[PDB]
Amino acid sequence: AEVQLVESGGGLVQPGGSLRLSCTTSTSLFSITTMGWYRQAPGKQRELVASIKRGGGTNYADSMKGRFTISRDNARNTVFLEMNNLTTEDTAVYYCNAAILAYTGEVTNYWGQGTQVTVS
C-alpha cells in the first residue's frame, strides 16, 4: 500500500477530561490530499470528526468544534486530534484517514488502526 498509517492514543477518560490522538504517515503529509479523523460508536455509522487538507485547510463536522481540534506536524509527518471537554456521547472508536486524489480523479483511502476512547 502506498501509505501506512500508525495511530496511537486513546483510552479511558473522565467527563471534562482531555486526550490527544496521533497518526503518523510513512510518506510526507504534502503527498496526501486530505488527512481526517473519523469515529464510530457501537451500532452507529462511521462519521466525520475533522479534516485537514494538505494545504492546511481544516474542516469540522457540525458540533465538533468545541471538543476537537485537528493539527499536524509536517516535520514528523504526524496529524493530531485534541479532545477537550469530553462527554459520554464521545465514546467511540476513532480512526485516522488518508485520502489521495490521483491525476485521474480517483480517490484512494488508507485507514489507521482504530483506537477506543471511552468517556466515563
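Numbering starts at 1 and runs along the sequence shown.
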| query | finding |
| --- | --- |
| Of 62-70 and 49-57, the one with larger mean CA B-factor | 62-70 |
| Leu81 - Cα temperature factor, lowest/middle/highest third of chain | middle |
| For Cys96, the third of its chain into which the C-alpha B factor falls | lowest |
| Within-chain third of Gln4 by Cα B-factor, per the entry | highest |
| Record-listed C-alpha B factor of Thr87: chain third | highest |
| Third assignment of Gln116 from its chain's C-alpha B-factors | lowest |
